[PDB]
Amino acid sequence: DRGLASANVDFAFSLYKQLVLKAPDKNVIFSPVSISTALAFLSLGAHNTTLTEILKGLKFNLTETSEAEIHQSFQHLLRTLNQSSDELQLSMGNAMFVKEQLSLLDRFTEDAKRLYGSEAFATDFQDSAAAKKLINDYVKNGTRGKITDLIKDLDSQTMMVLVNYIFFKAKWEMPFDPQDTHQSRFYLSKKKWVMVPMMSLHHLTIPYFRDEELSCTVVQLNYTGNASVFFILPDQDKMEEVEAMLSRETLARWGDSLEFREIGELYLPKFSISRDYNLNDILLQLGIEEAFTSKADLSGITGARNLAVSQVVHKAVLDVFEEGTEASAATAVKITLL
């Protein structure tokens, strides 16, 4: 789906740049496709300016596509990602947790199940600790225990939470031998470093590109299955330059410029990182505004303008090791009465 990939990758890099702005020296890990899917799911219930802002913020061109086409594209993406595979473990789920007394349009719950694969689970948010545990347990189950505390605070007056998770567990096509993993320096800056387990591979023929425009080295490592990873190594003090130039155009240039090279040695740390985010500020910066205000129009959920978003949260974890990679993420959209 080229039209979906183009919007979703534009959104990915717009998000990345805003995430870095907030905390410039911190690790970053997030799932763009989880956030895109969760906000597309939200847009199923959105109307008028609330809907336009969400779909524009997700980087769709609304002069050239329809909401109907977008939802069908996410339905197809979800079906493709959840297809059976012996090579790679990949799963994505959506759910809605809703106060039982809230009246939902039949069209909304039917469309949520058909397009996003979402059930509607009756949740008593006035029993806030129990509602929090239920939602966190759903995410824990979908992520094989890797995302445990997506929901930290949860208002007792919440009416609905929309949730997306993604789980990814893959083997390297060329796995590292743990006998070649040795504690080595990782330079936090030119004169400060920490010791990390540094994995290595010898005489490895992989796609490689030395980017002289951005002063960085790009390699692609494959997982068994259809997935791969671009690793980009800026020269020292060139990370900000590479970040400033991240874009769909740049990624396309990198992909178009790779050539196979037999690398003498590749050194890659074994590591695990995690991050959690309150995405309200970034989504407002991307122009998704009305959904958060008392002007919100989520009347495709209920038939009335009686709901508004309170928070969008995201948590993601990345584990890289000799045999492969495990990564997971989840996004929740918390919704209150208006």
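Start at 1 and count along the sequence shown; that's the residue number.
J.: Averaged over C-alpha atoms, is the B-factor higher for 170-178 or for 80-88 in this PDB entry?
T.: Between 80-88 and 170-178, it is 80-88 that shows the higher mean C-alpha B-factor.
J.: Got a sec? Mean C-alpha B-factor, which is higher, 278-286 or 58-66?
T.: Comparing averages over the C-alpha atoms only gives 58-66.
J.: Looking at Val139, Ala129, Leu201, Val218, which has the biggest Cα B factor in the entry?
T.: When the deposited C-alpha B-factors of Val139, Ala129, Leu201, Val218 are compared, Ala129 is largest.
J.: Can you tell me which of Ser184, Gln101, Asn94, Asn222 has the maximum CA B-factor listed in the PDB entry?
T.: Highest C-alpha B-factor among the listed residues goes to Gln101.
J.: Would you mind ranking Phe108 by its C-alpha B-factor against the rest of the chain and naming the third, lowest, middle or highest?
T.: It belongs to the highest third of the chain when residues are ordered by C-alpha B-factor.
J.: Relative to the other modelled residues in the chain, which third contains the C-alpha temperature factor of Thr148: lowest, middle or highest?
T.: Ranked within chain, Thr148 CA B lands in the highest tercile.
J.: Can you tell me which third, lowest, middle or highest, the CA B-factor of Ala252 falls into for its chain?
T.: Within its chain, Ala252 is a highest-third residue by C-alpha B-factor, going by the deposited values.
J.: Could you look up the Cα B-factor of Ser310 in the entry and say which third of the chain it sits in: lowest, middle or highest?
T.: Answer is lowest: the recorded C-alpha B-factor places it there.
J.: Consider only the C-alpha atoms of the modelled residues in this chain, order them by B-factor as the entry records it, and name the third containing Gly264: lowest, middle or highest.
T.: CA B-factor rank for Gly264: highest third.
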